[PDB]
Amino acid sequence: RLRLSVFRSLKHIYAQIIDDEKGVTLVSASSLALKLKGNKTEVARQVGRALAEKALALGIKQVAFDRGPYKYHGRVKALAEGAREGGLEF
């Protein structure tokens, strides 16, 4: 039941794939983190694919999306496809 949590401040896109069985953060990917400092939604996918590629490395297939105060915006979108296109299903 790994719970997914995507954070976005302004120009920083992040996704934290935690374990919702035992509070355990396993994977965390970010566009501005790895190196890519261009757009936020443009790479957002590529960020979700690397994330989903990460989380996947653990075997995280389905996730619990409970970002919280995060309205379905662009980032979470392109990022969510990445994460969902890569392997995660939340």
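Method of determination, as annotated in the archive: solution NMR.

Draft legend 1. The arrangement of the pairing of strand β1 (residues 3–8) in detail. Examined bridge by bridge, β1 and strand β2 (residues 13–19) share six bridges and lie antiparallel to one another. Note on β2: the bridge partner recorded for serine 5 is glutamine 16. In this structure, the hairpin formed by β1 and β2 is closed by a connection of four residues. Pairing analysis gives two bridges linking β1 to strand β4 (residues 64–65), with the strands arranged parallel. For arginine 3, the partnering residue across the bridge sits in β4 and is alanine 64.

Parameters at a glance
- Residues numbered from 1 in each chain as written, not as in the entry; some residues may be left out.
- Heavy atoms only, no water.
- Pairing = 2+ DSSP bridges.
- Helix = DSSP H or I, 4+ residues; strand = E, 2+ residues; numbered from the N terminus.

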